[PDB]
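Notes for the one structure printed next.
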Amino acid sequence: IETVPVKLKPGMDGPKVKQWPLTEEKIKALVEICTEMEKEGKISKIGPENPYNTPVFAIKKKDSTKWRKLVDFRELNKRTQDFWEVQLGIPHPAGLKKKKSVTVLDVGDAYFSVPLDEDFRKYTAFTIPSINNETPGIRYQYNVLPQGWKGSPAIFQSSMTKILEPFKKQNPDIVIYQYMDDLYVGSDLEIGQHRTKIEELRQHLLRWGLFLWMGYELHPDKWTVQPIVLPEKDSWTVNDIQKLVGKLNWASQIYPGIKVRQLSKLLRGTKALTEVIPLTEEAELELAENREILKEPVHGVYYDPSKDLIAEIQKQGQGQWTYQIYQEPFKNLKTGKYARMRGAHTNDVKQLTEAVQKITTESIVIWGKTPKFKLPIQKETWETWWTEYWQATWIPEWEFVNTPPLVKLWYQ
Amino acid sequence: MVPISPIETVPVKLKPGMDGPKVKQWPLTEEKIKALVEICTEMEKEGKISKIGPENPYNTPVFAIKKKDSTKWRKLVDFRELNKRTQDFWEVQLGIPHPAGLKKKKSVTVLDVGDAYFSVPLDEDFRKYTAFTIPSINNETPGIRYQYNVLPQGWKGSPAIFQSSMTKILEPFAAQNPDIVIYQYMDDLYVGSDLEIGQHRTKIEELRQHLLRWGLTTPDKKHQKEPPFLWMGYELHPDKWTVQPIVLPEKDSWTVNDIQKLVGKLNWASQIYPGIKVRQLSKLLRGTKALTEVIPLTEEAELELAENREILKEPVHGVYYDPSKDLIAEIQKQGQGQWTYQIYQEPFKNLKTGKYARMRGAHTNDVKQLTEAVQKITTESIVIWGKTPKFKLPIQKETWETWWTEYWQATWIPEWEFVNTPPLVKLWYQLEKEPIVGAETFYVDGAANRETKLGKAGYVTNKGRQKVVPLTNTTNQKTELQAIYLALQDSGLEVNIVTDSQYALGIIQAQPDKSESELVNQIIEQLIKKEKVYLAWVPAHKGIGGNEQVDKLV
Ligand SMILES: Cc1cc(/C=C/C#N)cc(C)c1Nc1ccnc(Nc2ccc(C#N)cc2)n1
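Taken in order, these protein sequences are the chains called B and A.
Under the entry's author numbering, residues 5 to 214, 227 to 428 are what the first sequence spells out, in order.
Under the entry's author numbering, residues -1 to 552 are what the second sequence spells out, in order.
This is how it looks when you write it as structure tokens:
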């Protein structure tokens, strides 16, 4: 019934982010949603004396026909004073990534039951634009904790903490982690009961006071990881050996003990690229030693909670994508490979948008935060289309790569 | 007395850390003071302003300007200082409707609402900051002090507060009368509909009745304004629109400014006049920045202008949007990185047209440019119509498929169809994915001395063919490209090329079909002539034979 006061970071004013173009379908969806939110007292119309703004759009979660409002609070979040909670900081649960099954639940609705500090409401202003700007954009601000805002989970924490005590005390082995509007629940249970605990959990939440029916299943135990592998052949051409030395030279930046001298020797002389070269024993042994080195973990690799996570993605063709997550170059914390057919047999950009959400989800589970993406696409193309395929309630940061990395094939 | 609903005031504040203005009133002539006193006396009688005590410490300078040499005077309160200290407001004026997005209307009535403006009270607590002083005759008595009770003309928040206040009043009328559209511009309301005129006039009377609930009266005359309207540079007619007359001046000599003016007119014209071109005229403005500096017109530009005068020969109109039909966007390549387009619903009846120029960059290709044009049109279309048009593009479905499946970046173009109208966009070459059996293998390399700028480029092949050419005024990067060029020049129709240049590979893998570097262009011309080319990369200084760096190490 009371609100915890909130303020912006020193020397920072509220967000003033332009609302990007919305399709007619998304505008109608938002008008309908906000009209009901206004009636329920969650948002209120605002006057011209509020110059702030945050973009809004609409999405459809994984297999749901009902539109969901999604506010892009990325700017507000970086400007809102760090809301370290009474938790002293809930240490990210390292056991979540090790569970057999993890279901993701959207509990964002709970937030709307808690009032937002009156003096901070102005900074949550947003606009529902009109097609061709024919009529004034509809302006609103939040009266309650909004979904997608950094401070919502922080402020609702204490309430969530006691809302789950029962379930948690009766199920001390189940791991429950919260990130923004999602709740991650993991357990080694047989998928059949795992689901019972989940549906039980929400029925235990719905009864406790609050579309929570949806579920997203992940399998950390069956997750993608990749070692560096060299070809195994009976006959090597000059070209095969040139490609191998190139890959080994690249790998030597990750693994110090890698050697190519003996293999390079085979390449001395101006030979036809398709000519078959028999491997000497010295070159064969060198290749063997390198294979061994490549079976050992990378040296000096560690995660630092105060550093940003970086994610790079490469289009490998035929619907396959590779990616690496690291904080320091050549010190990969996670690498993977995707090849997926949710709807984009023929759409590069949908595929990349889905790869980005999958990687972010993995990142949240493992480290409790989102990475900064380096995307292989032109900025104009990405910004024109990503919102058409987005299905997550959070949004990571991203930048663009315009020069073809030479290291594409070495990762596939 | 019939009670009327008050107009809610908007709470205004000064920027944080700032106080009100304290600007000295300027000395005026006895003549101007009597005028200002008279002027302020009625304003005061009208409720606009009120006399204030000596307490108020704020001030803003008031002036008196004669009216085009009339018998009348007019007061001007200069709020520049108060404006710098007043908070920022939400300005809903940004991004005006584009005529091609409007719907045709049978009738459009105009209503003057300038009087309603003065029923909008200024926030009581902000009034004090609007204080001003009419000096006294001969400075022998205290000047007369006043503060505003209504939105002051010239004040920063007046436009936004007036508009938002009017919108709030109009809201329920618009919502309960979906068959009409209402738009406010300046002191007028424009009301349009497709109603049988009787019903349309009834709607107008109902609006006047609605406004009276706030005691806002309207002229009860026939506003001077009637279709067509001159608005934001356009002419709006009941069922068509166009830009206001575009007149290209006749000139024997042009200056930077004249050309910037010309390009401004051509750009404005390009939204409905198809084909307009501005590249040859725009490039003349490459870092001139001297308004007066007269620039000679290249014959290339003199040609572009003549072509534009032709296009502007006669009036061209666009039609309005019909929500019930599909939107089609057709694009054509014009050359020199220029692209043109038309958006229509029915053949030969454009809603609007436009153009796209390639982005600045070292290397490019037609397929990438086409893609950027498509993305630009898509976004503009979402803004104007809220949907993506179906595209008609001069590129074969097979060419597009080869391109995107092989390009290293993710790329996409929405629903489209091939339209066979030259010049068509094509892929000019395609490198091999595997080494060519039977084709000679050229190992190339180049190097340059950073100090002397002298270098060498060359190759050695499996057949014993060899070449090294001495070069001057060069760099490592240019010698690396020269080496590849020599190999292409001296090989047959199929060739394998081995290089250690990450730079050269970075360029070729980007698949340019045109470049700002003549060297890269020469290489592109050779690739186009070959039948098969495999380009292999190897690490430098790793003892890979053929890697004949030694030949170019001197
Ligand atoms: C933007 C706008 C400018 C003016 C005018 C401002 C001025 N001056 C008048 C109106 C009524 C509107 N609003 C809308 C909204 C939807 N369709 C239309 N179509 C439409 C408008 C004018 C004419 C005409 N003649 C024909 C069709 N107008």
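Even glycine gets a Cβ: it sits at the ideal position worked out from N, Cα and C.
Quiz item: What are the boundary residues of the alpha helix (DSSP H) that residue 404 of chain A is part of?
Solution: 395 to 404
Quiz item: Shorter than 8 Å from the beta carbon of residue 87 of chain A to some beta carbon of chain B?
Solution: yes
Self-check item: chain A within 8 Å of residue 363 of chain B, Cβ atoms only
Solution: yes
Practice problem: Return no unless some Cβ of chain A is closer than 8 Å to the Cβ of residue 15 of chain B. | Solution: no
Exercise. Give, in chain order, every unbroken run of the beta strand (DSSP E) that is at least 3 residues long and sits entirely within the segment 2 to 37 of chain A.
Key: none
Practice problem: Measure the Cβ-Cβ separation of residue 214 of chain A and residue 226 of chain A and say whether it is below 8 Å. | Solution: no
Practice problem: Output the distance between the C-alpha atoms of residue 143 of chain B and residue 181 of chain A, rounded to the nearest integer angstrom. | Solution: 18 Å
Self-check item: Three or more C-beta pairs below 8 Å linking the segment 142 to 156 of chain B and the segment 361 to 377 of chain B
Solution: no
Exercise. Report back the beta-carbon spacing between residue 73 of chain B and residue 60 of chain B to the nearest angstrom; my notes put them in contact at under 8 Å.
Key: 7 Å
Quiz prompt | Proximity below 8 Å, CB of residue 115 of chain B to CB of residue 68 of chain B | solution = no
Quiz prompt | Cutoff 8 Å: residue 337 of chain A Cβ touching any chain B Cβ | solution = no
Quiz item: Regarding residue 103 of chain A and ligand 1, is the C-beta to nearest heavy atom distance less than 7 Å?
Solution: yes
Exercise. Taking all protein chains shown into account, decide if residue 105 of chain A is buried (16 or more other Cβ within 10 angstroms of its Cβ) or exposed.
Key: buried
Quiz item: How should residue 34 of chain A be labelled, buried or exposed, when 16 other C-beta atoms within 10 angstroms of its C-beta is the threshold for buried?
Solution: buried
Self-check item: Listed by chain order, chain B residues near residue 467 of chain A by CB distance under 8 Å
Solution: Those do not exist, as residue 467 of chain A stays about 18 Å from chain B at its closest Cβ, beyond 8 Å.
Exercise. Taking only heavy atoms of ligand 1 into account, decide whether any of them is closer than 7 Å to the Cβ of residue 171 of chain A.
Key: no
Quiz item: What do you reckon, are the CB atoms on residue 296 of chain A and residue 254 of chain A nearer than 8 Å?
Solution: no
Quiz prompt | Beta-carbon neighbours of residue 128 of chain B, restricted to chain A and to distances below 8 Å | solution = Under the 8 Å cutoff, chain A gives no residues; its nearest Cβ is about 14 Å from residue 128 of chain B.
Practice problem: Under 7 Å between beta-carbons, which chain A residues line up against residue 288 of chain B? List them in chain order, please. | Solution: 439, 460
Quiz item: Start and end of the beta strand (DSSP E) containing residue 259 of chain B?
Solution: Per DSSP, residue 259 of chain B belongs to no beta strand (DSSP E); it is in the alpha helix (DSSP H), 254 to 267.
Quiz item: Would DSSP call residue 465 of chain A helix, strand or coil?
Solution: strand
Quiz item: DSSP three-state call for residue 275 of chain B: helix, strand or coil?
Solution: coil
Quiz item: Would the beta-carbon of residue 135 of chain B fall within 8 Å of that of residue 444 of chain A?
Solution: no
Self-check item: Runs of beta strand (DSSP E) lying entirely within the segment 111 to 192 of chain A, each at least 3 residues, in chain order
Solution: 130 to 132, 142 to 146, 178 to 183, 186 to 191
Self-check item: Sub-8 Å separation of residue 179 of chain B and residue 103 of chain B beta-carbons
Solution: yes
Quiz item: Using 8 Å as the Cβ pair cut-off and three pairs as the minimum, do the segment 513 to 530 of chain A and the segment 239 to 251 of chain B touch?
Solution: no
Practice problem: Return no unless some Cβ of chain A is closer than 8 Å to the Cβ of residue 424 of chain B. | Solution: yes
Practice problem: Check the DSSP bridge columns for residue 146 of chain B and list the partner residues they point to. | Solution: B:47
Quiz item: Would you call residue 446 of chain B buried or exposed, if buried means 16 or more other Cβ atoms sit within 10 Å of its Cβ?
Solution: This structure cannot speak to residue 446 of chain B, because chain B is shown only from 5 to 428.
Self-check item: Segment contact flag, the segment 198 to 215 of chain A with the segment 168 to 176 of chain B, C-beta cutoff 8 Å, min 3 pairs
Solution: no
Quiz item: Which value, in whole angstroms, describes the spacing of the CA atoms of residue 435 of chain B and residue 165 of chain B?
Solution: Outside the shown range of chain B (5 to 428) lies residue 435 of chain B, about which nothing can therefore be said.
Quiz item: Any C-beta of chain B sitting closer than 8 Å to the C-beta of residue 173 of chain A?
Solution: no
Quiz prompt | Secondary structure of residue 119 of chain B, DSSP reduced to three states | solution = strand
Self-check item: chain A contact residues for residue 368 of chain B, given Cβ-Cβ distances below 7 Å
Solution: 408
Quiz item: Can you tell which of A:151, A:124, A:328, A:127 has the C-alpha that lies nearest to the C-alpha of residue 41 of chain A?
Solution: A:151
Exercise. Please confirm whether any heavy atom of ligand 1 lies closer than 7 Å to the CB of residue 116 of chain B.
Key: no
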